[PDB]
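Notes follow once the structure below has been shown.
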Amino acid sequence: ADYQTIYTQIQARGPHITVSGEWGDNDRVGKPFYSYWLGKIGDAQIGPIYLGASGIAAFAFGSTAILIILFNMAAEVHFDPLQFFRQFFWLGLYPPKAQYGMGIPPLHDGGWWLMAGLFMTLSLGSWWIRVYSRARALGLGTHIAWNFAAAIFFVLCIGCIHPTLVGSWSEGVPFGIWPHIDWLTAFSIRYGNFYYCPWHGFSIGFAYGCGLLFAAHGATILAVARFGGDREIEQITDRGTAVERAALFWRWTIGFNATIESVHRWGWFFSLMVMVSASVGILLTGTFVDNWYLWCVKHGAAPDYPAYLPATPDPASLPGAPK
Amino acid sequence: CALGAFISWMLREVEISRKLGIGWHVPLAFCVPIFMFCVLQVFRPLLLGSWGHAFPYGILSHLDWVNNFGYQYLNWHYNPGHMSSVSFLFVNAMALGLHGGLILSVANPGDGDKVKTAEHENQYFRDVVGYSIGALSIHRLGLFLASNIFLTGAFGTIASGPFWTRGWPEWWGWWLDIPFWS
Amino acid sequence: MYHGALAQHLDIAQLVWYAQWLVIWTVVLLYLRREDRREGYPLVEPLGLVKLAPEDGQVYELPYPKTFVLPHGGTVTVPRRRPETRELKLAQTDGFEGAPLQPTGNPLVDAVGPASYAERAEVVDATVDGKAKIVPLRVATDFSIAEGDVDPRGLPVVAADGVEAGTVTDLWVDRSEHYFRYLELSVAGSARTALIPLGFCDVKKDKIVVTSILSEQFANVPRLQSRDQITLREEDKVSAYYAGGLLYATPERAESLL
Amino acid sequence: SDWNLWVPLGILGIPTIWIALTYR
Amino acid sequence: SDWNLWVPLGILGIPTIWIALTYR
Amino acid sequence: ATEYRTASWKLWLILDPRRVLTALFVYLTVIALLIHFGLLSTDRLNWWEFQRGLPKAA
Amino acid sequence: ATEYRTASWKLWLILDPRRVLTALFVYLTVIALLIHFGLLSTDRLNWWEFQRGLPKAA
Amino acid sequence: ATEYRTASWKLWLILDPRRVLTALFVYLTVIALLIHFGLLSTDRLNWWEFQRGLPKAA
Amino acid sequence: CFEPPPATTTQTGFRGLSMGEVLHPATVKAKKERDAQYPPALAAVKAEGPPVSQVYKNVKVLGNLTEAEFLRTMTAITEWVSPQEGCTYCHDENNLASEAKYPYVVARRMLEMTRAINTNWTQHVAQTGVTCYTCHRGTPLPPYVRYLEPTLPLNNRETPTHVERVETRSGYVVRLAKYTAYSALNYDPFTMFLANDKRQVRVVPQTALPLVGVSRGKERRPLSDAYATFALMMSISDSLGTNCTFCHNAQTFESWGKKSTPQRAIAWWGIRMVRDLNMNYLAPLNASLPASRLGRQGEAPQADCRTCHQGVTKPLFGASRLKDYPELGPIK
Ligand code: BCB
Ligand code: BCB
Ligand code: BCB
Ligand SMILES: C/C=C1/c2cc3[nH]c4c(c3C)C(=O)[C@H](C(=O)OC)c4c3nc(cc4[nH]c(cc(n2)[C@@H]1C)c(C(C)=O)c4C)[C@@H](C)[C@@H]3CCC(=O)OC/C=C(\C)CCC[C@H](C)CCC[C@@H](C)CCCC(C)C
Ligand SMILES: C/C=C1/c2cc3[nH]c4c(c3C)C(=O)[C@H](C(=O)OC)c4c3nc(cc4[nH]c(cc(n2)[C@@H]1C)c(C(C)=O)c4C)[C@@H](C)[C@@H]3CCC(=O)OC/C=C(\C)CCC[C@H](C)CCC[C@@H](C)CCCC(C)C
Ligand SMILES: CC(C)=CCC/C(C)=C/CC/C(C)=C\CC/C(C)=C/CC/C(C)=C/CC/C(C)=C\CC/C(C)=C/CC/C(C)=C/CC/C(C)=C/CC1=C(C)C(=O)c2ccccc2C1=O
Ligand SMILES: COC1=C(OC)C(=O)C(C/C=C(/C)CC/C=C(/C)CC/C=C(\C)CC/C=C(\C)CC/C=C(/C)CC/C=C(\C)CC/C=C(\C)CC/C=C(\C)CCC=C(C)C)=C(C)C1=O
Ligand code: HEC
Ligand code: HEC
Ligand code: HEC
Ligand SMILES: CC(C)=CCC/C(C)=C/C=C/C(C)=C/C=C/C(C)=C/C=C\C=C(C)\C=C\C=C(/C)CC/C=C(\C)CCCC(C)C
Ligand SMILES: CCCCCCCCCCCC[N+](C)(C)[O-]
Ligand SMILES: [Fe+3]
């Protein structure tokens, strides 16, 4: 085979050059070290890191959040250290279990949930700023920041916005491995099956889309790596045989192609759209649709199947039923 | 006809790539989903001995299959093959976003700012998260993430029925129940 | 009475649906697809009938031009009109639109099909400092191989025949990526070094195996203009030669398996 | 007690011997 | 107390001796 | 050959002791584990536990 | 060799003490663990607890 | 070697004290924890708690 | 751990929908062996003489029978409930008509209960019915019961470990998980749904759009209630050894008609039947039992699905004694 696409056979070492920012060249932190193993898939060098304010802040809120989360998880196993470690995935920080509408709930029932929520929110933001500022610091464009934005917004939607529009904190996602997942099912059951929500559709489309696209783009570049097609930026400004082939390949197959530059747009667009599509769906849910299946039936989208075993009338609705 | 089409599609690609003197990575990559299709429509039904175990063709209809299948083990979220696949799905999406953005930022730096260099790509990430995977390898890595969506999942899929018949959560019992700390 | 009901059958969800669609298509069409036509358009025609306009809907098609201001001076405008004026040594099988072409002479030297290169700018690729990006390890003395790998310097280069083509002189490094791009070998029999892309050779413990081309055709790998630096065009030239050999080294590489 | 059943002895033993003798 | 249950002593002891004597 | 008979030995010119050694090590270990645990998962031929065998008894 | 009988020793010219050492360390530790825990998971043959065995008792 | 009987010591020329030291430190620590916690997750041999072992009593 | 092939599979909904049960043939065998110790019917006796009400003195349930029949019943009862202590278990050996021993007075009530099941819940138990054996399986303490905290292990014939004991506070989460098929759902569905008729299990809305006046703020139910239902279902599944698709077509959990199997109907009755048992026969026994039997909050033990089904979709694989012991119901 061609081994040079899978891993790197002969590794290189030498002096790395620092691009001086607009500001905060000073707030780079740590002794850069190498990993020979890591060097077989990517660059081996691992430090330094930029610090600065946004960072500081993000960590600040982030940690507080984490602390509140974990601490409460411990409190669930009554602080038994052995049990904690065994039961860890099953432990969580839950939102309120009674109906208080949108009132700040008691500490012991959802209160702590809410606090961690707010702090997680704040870290996300601080981080956002990091991403956005750094870009501007180095004279790049802001695309990453905007993609990241959408992601954050979707977190907001399922965290507080949706709860708000229906007006109960009870609808919040809980913190914890298994329990954040149990949420998914509950939430779906409640809103009459999410497979039937169109935005869930869209989203998934775009998500699989990403799969397809990365596999394709990924594969395409490696296929043309022999002509130095991995040098993607010089290819943009001075088109070489590499991407000429890459283009041709796709044109001869699906019958239209991209450019080396624009394929990146497509990917960036699909990525974004996952998060956006999602957000919409979440906003609509509870607010305008109560039961997504029934809704799909009102617009006759829903498939209907004959009975295999005899059809069963609901017993509640019989003459002389109990309760 | 489906299988037919798929395979003919994939081979066509091989012919194309031969003609261009490029690598065969693309066709091969396209082989992964084909396999998963085969796994779901062919193998798993063989192993359970009926075609009736496969999924129907129908936009909403197919999802109904997915839905019930998954509740046949009591909460599919816990099936460990699924976990891995899901993780990849997410990482892949995020990563495409970053890769997308990063190229675009360098190319279109705003104003009459000059297009930036490869070093600026590196600097940018080594700032934000303190590591840069490097330009070739991201491509390589993308291909990898993408692919294990199905590669790992395929394990969880095949397992359910032929190799496991209980609810998926019950399976984590192995850990939950190590008698030492039980 | 219901939340989100615009009629006895019309609800706000339903409207949003279409809305969503609308946007998607618009972006796709009125944007993304335009952005795609920055290279290689407008379409060209060597059989068809009096056409200054592709699939129809599209001669707007091309977006208005960008202007990439380049890192080390100068501007590029996209889309462009970059004309191919190499005179291709390819005869047609039929005069037909989409019937394939036959090389007239040696395809590897005449640079056609998989052996064709792009006419890139005849300049050296540069670092952020203004040094040359791609250089050998005679020049980049600061750079080195990682401890724990095989130094290919000294090894025999075995070609497709099973015949030693020559011996490895050097590695060439990308200074801004810390990555090895080329082996520079000494083609035995002549007094010349030829540059092979590292993606065309399987490096072993004892030998470098080159499946791409035959031993005899190492004599004709494109000559470098300078000794210690490589232009962007020379890169394409070198790469295309070996890859072309994947279809043109032996006569049987043409043919189908049966 | 190994009575009537030399099965494993044979299986274990025989090779043990010819491994001894073949590779000197 | 090993009553013809020299079994583990057999497995433990035997090699212990030849490991002693073979690599000298 | 210092008073040898066959050439058997030339195998180690061809094979590499270290590979053989290290593999045998693993191979055997696995079979060993297989048998041990295998046995200890039956009813007859479990030492380590009370005779669950209910040999004929019930 | 300083008054040896076999050439056994030459093994370490071939094999590397440090590998063997580090490996054995691990190997034995794991086995030791398996047995210990394994035993303590039975009914007979658990020290560390009240006789869960209900040995014949009911 | 200051009146030494064996060559034992040469081990540290081969092995690296810093690795050994650090490894033992960890190794030991873990075993130690396993034992402590593991014990304190039984009914007999749990100090720290009331004997809800209910030894045979009830 | 990776349970080897093949699998028994059935079809419970329309083709291509992936509905139906999935069994490990091994496991079924084992259960089938277990559900075979059900002692065979006693030899039928000729109804001869007067009613027991005139023969003996302290019969208050089985007054109707003939002297000979009556003793048959007693013999059967013995075998199903207290075979080991025998007759002695709840009778003074000499004055039989003495209500001295505690189980006696429980047992009278158990008789009433069983009768009632086989008379009034025919729509759950059909022509199969129950006997003491169904629940007790030949011990005086039925091997799957429930208290008002989750306890472990599920089968009270096994012995608990240290962490499993109720008093060990750290072990709560696990005590709970094992009850609901190892999921991390945080509700005890017994005490929510089964102990009394105080909650609604139905959580999904029966209309496409949010209905104005029940759909916002404190008008609305908490998303808890969804999780709680999801818990009750998880447990029901494990108690019968089956999966959702044995009853629902996931396409719509909430819907009936062509989207539910006939089983789902039976289950509905099921629920209403355990509730009756608990609220009316079982729970008010904490007056009659000794404190040794009673739970931490001073409650008697109660029944849920598992108590009968014990991990099979039909209790005892649907083996019955309904014709053989018509003292036990149904009645006229
Ligand atoms: C039974 C329930 C189901 C369900 C329930 C469901 C719900 C309720 C929702 C989705 C949603 C989605 N579902 Mg679905 N789902 C999907 C895939 C998807 C995603 C495309 C999309 C969720 C968006 C996302 O990517 O989240 C992952 C990305 C996230 C969460 C963003 C994270 C970014 C964030 C910045 C992370 C960084 C965090 C920091 C590091 C902080 C650290 C924390 C500290 C402070 C402690 C697939 C492929 C399937 C299949 C194959 O069946 C499926 C079936 C189901 N879903 C089952 C039917 N799903 C969402 C949606 O699209 O609804 C319309 C959604 O709301
Ligand atoms: C209640 C049930 C659930 C469920 C049941 C489930 C099952 C049973 C399976 C998955 C699987 C998967 N799930 Mg899960 N799922 C996932 C994500 C995923 C995917 C990562 C993974 C693989 C998808 C797949 O098999 O593609 C299928 C794609 C295929 C087969 C390729 C088709 C492409 C083909 C080759 C080419 C087609 C060409 C066209 C015909 C051409 C037409 C186009 C035009 C141009 C002509 C998420 C993110 C979620 C969330 C967020 O909750 C979720 C929830 C659920 N899943 C619910 C819990 N899921 C699969 C898996 O891996 O399980 C472990 C799987 O078997
Ligand atoms: C009812 C029966 C019991 C039983 C039956 C028993 C038997 C029959 C045996 C033991 C043995 C042992 N038991 Mg024991 N046991 C022990 C612990 C032990 C160990 C001291 C010893 C394990 C030696 C070993 O396996 O080497 C594992 C690892 C080794 C040897 C590594 C060192 C060698 C290495 C290759 C050399 C390199 C060293 C370098 C300096 C370091 C290199 C660093 C690297 C990483 C760079 C504990 C802590 C307990 C408790 C808490 O209850 C207990 C209870 C019991 N044991 C029960 C009461 N046990 C064994 C023994 O030999 O006793 C001493 C033994 O034969
Ligand atoms: C389709 C769109 C996709 C998408 C897109 C994008 N996603 C992005 C970006 C874009 C564009 C970024 O630019 C940004 C980034 O930069 O990446 C390079 C980012 C990110 N997405 C992350 C994770 C992620 N993306 C997910 C999903 C999707 N993303 C969706 C699918 C998921 C899922 C799916 O779960 C996950 C988990 C992080 C890497 C990063 C946030 C960092 C943060 O916000 O920091 C917040 C800071 C903290 C939490 C503080 C840490 C504190 C430590 C651990 C210590 C605590 C210990 C304490 C107890 C004691 C203190 C002592 C201490 C010293 C020990
Ligand atoms: C991890 C790997 C990822 C991945 C990778 C790659 N993906 C690739 C390639 C690579 C590398 C290509 O090289 C190839 C391609 O050309 O690039 C565009 C391709 C392609 N991937 C398509 C769709 C796609 N990728 C999906 C998934 C992933 N991709 C995963 C995530 C999904 C999901 C997830 O649903 C979809 C729908 C087509 C656009 C295209 C082939 C067209 C075709 O196949 O032609 C042949 C067939 C047709 C044009 C029509 C077939 C009609 C048949 C005969 C009968 C009708 C269909 C019947 C089966 C009914 C089913 C419908 C029912 C469910 C309601
Ligand atoms: C005129 C004349 C003589 C007529 C008489 C002749 C006659 C009638 C003859 C007989 C006809 C015959 C025999 C055959 C008909 C023709 C034929 C073979 C048809 C096959 C056609 C067919 C089935 C087409 C369908 C196309 C298809 C399957 C899918 C459409 C594409 C889709 C949905 C793609 C997913 C969307 C997607 C990922 C878009 C991505 C955008 C692009 C362009 C990605 C590709 C791409 C990537 C990924 C890069 O990395 C890249 C890197 C650098 C440069 C370029 C690219 C690049 O373009
Ligand atoms: C060049 O410009 C650019 C850069 O350089 C400037 C960048 O650095 C960057 C990006 C900057 C970065 C820092 C990139 C780093 C970003 C990331 C998201 C990297 C993170 C990746 C991971 C965390 C790995 C993912 C791991 C998980 C999600 C957890 C999965 C959990 C489990 C249990 C998985 C279990 C199974 C596995 C782990 C592996 C299973 C594998 C198999 C079964 C089979 C393996 C298949 C193969 C090996 C392929 C077959 C082999 C051949 C074909 C030879 C970009 C975007 C840009 O393009
Ligand atoms: C689990 C409890 C239980 C067991 C075991 C049991 N009995 Fe009874 N027995 C009862 C109850 C309760 C009554 C009262 C029934 C009634 O009022 O209808 C009863 C009533 C009787 C009576 C009538 C009392 C009278 O007024 O004279 C006789 C006789 C009798 N049992 C004999 C037996 C014999 C013989 C056995 C064993 C071989 C036996 N019983 C085992 C619970 C039991
Ligand atoms: C549906 C379940 C169920 C059925 C059917 C049933 N029992 Fe019970 N029985 C219980 C439960 C639960 C208890 C409570 C556990 C307890 O009290 O020990 C109980 C308690 C008892 C006790 C008290 C024993 C003790 O030591 O506490 C007796 C005696 C008894 N049952 C006899 C009977 C008899 C006789 C029948 C049949 C005529 C019967 N049971 C049918 C569930 C059942
Ligand atoms: C043995 C039959 C049976 C099984 C198995 C079963 N269910 Fe149910 N399920 C029911 C019945 C009956 C109801 C309605 C009870 C009522 O009316 O109070 C119900 C109600 C529900 C509801 C509430 C629907 C509504 O109207 O709001 C959901 C959701 C649900 N089940 C999901 C599940 C899931 C998920 C599983 C598998 C884990 C499952 N069920 C397993 C019988 C069953
Ligand atoms: C107006 C008022 C009063 C308040 C407004 C408050 C507000 C903004 C609320 C909104 C809250 C939001 C956005 C809540 C969002 C919650 C979400 C999305 C939770 C989702 C998932 C969380 C998961 C999966 C977390 C599990 C966490 C753990 C298991 C523990 C945390 C630990 C780690 C991740 C490891 C790092 C720790 C290591 C260094 C030791
Ligand atoms: C459900 C999400 C899918 C969104 C649709 C993706 C757009 C496909 C691109 C078609 C390109 C059309 N064309 C040939 C004019 O270029
Ligand atoms: Fe790229």
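With ideal geometry, Cβ positions are generated from the backbone for all residues, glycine too; neighbour counts draw on all protein chains shown. Throughout, read-outs are computed from the coordinates displayed, never taken from laboratory work.
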Contact order normalised by residue count of the range I:251-309, Cα under 8 Å, 6+ apart, percent: 27 percent
Residue-wise HN-Hα coupling along the range B:117-130, computed from phi with Karplus coefficients 6.51, -1.76, 1.60 (Hz; x: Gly, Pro): 9, 4, 6, 4, 4, 4, 3, 3, 6, 5, 8, 4, 10, x
Normalised alpha carbon radius of gyration of the range A:161-237 [divisor 2.2 N^0.38 Å]: 1.80
Solvent-free Debye scattering, log10 I(q)/I(0), computed from the Cα coordinates of chain G at q = 0.13, 0.23, 0.25, 0.27 Å⁻¹: -0.59, -0.92, -0.97, -1.02
Efficiency of FRET from Cβ geometry, H:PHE50 and E:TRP3, R₀ 56 Å, rounded to 0.05: 0.85
Placed amide H near C:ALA126: partners under 5 Å, 5+ positions off or other chain: C:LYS133
Relative exposure of A:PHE270, H:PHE37, judged by other C-beta atoms within 10 Å (fewest first): H:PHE37, A:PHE270
Residue exposure sequence - C:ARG38, B:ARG12 - by fewest surrounding Cβ within 10 Å: B:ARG12, C:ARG38
Long-range HN-HN contacts of I:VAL145 with modeled amide H, under 5 Å: I:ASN156
Fraction of the pair-distance distribution of the range C:24-115 above 15 Å, Cα-Cα pairs, percent: 73 percent
Antiparallel bridge percentage (DSSP; both residues within the protein assembly as shown; nearest 5): 90 percent
Computed magnitude of the charge dipole of chain A (debye, nearest 20; Cβ of K, R +1, Cβ of D, E -1): 300 debye
For chain A: rounded, prolate or oblate by the Cα gyration tensor [a/c cutoff 1.5]: oblate
Estimated 222 nm signal from helices in the protein assembly as shown, with DSSP H stretches of n ≥ 4 weighted -39500 (n - 2.57), rounded to 500: -13000 deg cm²/dmol
Debye intensity ratio I(q)/I(0), log10, the range I:178-250, q values 0.21, 0.22 Å⁻¹ (C-alpha model): -1.00, -1.06
Computed P(r) (all Cα pairs; the range C:120-258; 10 Å bins; percent): 12, 41, 34, 12, 2, 0
In sequence order, calculated HN-Hα J values of the range B:42-49 (Karplus, 6.51, -1.76, 1.60; Hz; x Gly/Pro): 10, 5, 3, x, 4, 3, 9, x
Projected label distance in nm at C:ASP129 and G:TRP9, using a 7 Å step from Cα toward the beta-carbon: 5.5 nm
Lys, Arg +1 and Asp, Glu -1 on Cβ, resulting dipole of the range C:187-258 about Cα centre, debye, nearest 20: 220 debye
Size-normalised alpha-carbon gyration radius of the range I:95-205, reference 2.2 N^0.38 Å: 1.36
Distant-in-sequence amide H partners of C:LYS66 (H built 1.01 Å from N, under 5 Å): C:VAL78
Residue order, fewest to most surrounding Cβ atoms within 10 angstrom, among B:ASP111, I:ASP324: B:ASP111, I:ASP324
Per residue, the convex hull volume that the Cα atoms of the range B:75-182 enclose (Å³): 144 Å³
Per principal axis, descending, Cα span of the range I:2-58 in whole Å: 64, 28, 23
The range C:2-119 - charge dipole about Cα centre, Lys and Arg +1 at Cβ, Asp and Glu -1, debye rounded to 20: 420 debye
J(HN,Hα) series, the range G:29-38, from Karplus relation 6.51 cos²θ - 1.76 cosθ + 1.60, nearest Hz, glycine and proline x: 4, 5, 3, 3, 3, 4, 5, 4, 4, x
Between the range C:90-169 and the range A:32-56, the alpha-carbon center distance in angstrom: 32 Å
Separation of the E:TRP18 and C:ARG82 label points, Cα + 7 Å toward Cβ, nm: 7.5 nm
Computed label-point distance, nm, for sites G:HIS36 and B:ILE7 using a 7 Å Cα→Cβ extension: 5.6 nm
Paired Rg and Dmax values of the range A:1-143, which use every Cα atom, in angstrom: 22.1, 64
Calculated FRET efficiency for the pair B:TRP175/A:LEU70, C-beta based, R₀ 22 Å, to 0.05: 0.65
Largest-first ellipsoid semi-axes for chain C, taking √(5λ) over the Cα gyration tensor eigenvalues, angstrom: 47, 28, 21
Two-site FRET efficiency, I:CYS87 against I:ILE331, from Cβ-Cβ distance with R₀ of 35 Å, rounded to 0.05: 0.85
For chain A: relative contact order, % (alpha-carbon pairs under 8 angstrom, 6 or more apart): 16 percent
Alpha carbon convex hull of the protein assembly as shown, projected area averaged over orientations, nm²: 69.8 nm²
Cα gyration tensor shape for the range A:144-302, rounded if a/c is under 1.5, else prolate or oblate: prolate
Cα centroid separation - the range A:238-273 against the range I:190-204, whole Å: 58 Å
Reduced Cα scattering model of chain B, Debye log10 I(q)/I(0), q = 0.17, 0.20 Å⁻¹: -1.16, -1.33
Taking the C-alpha atoms of the range A:230-323, convex hull volume expressed per residue in Å³: 242 Å³
Angstrom value of the Kirkwood radius, inverse mean 1/r, which spans all Cα pairs in chain I: 22.3 Å
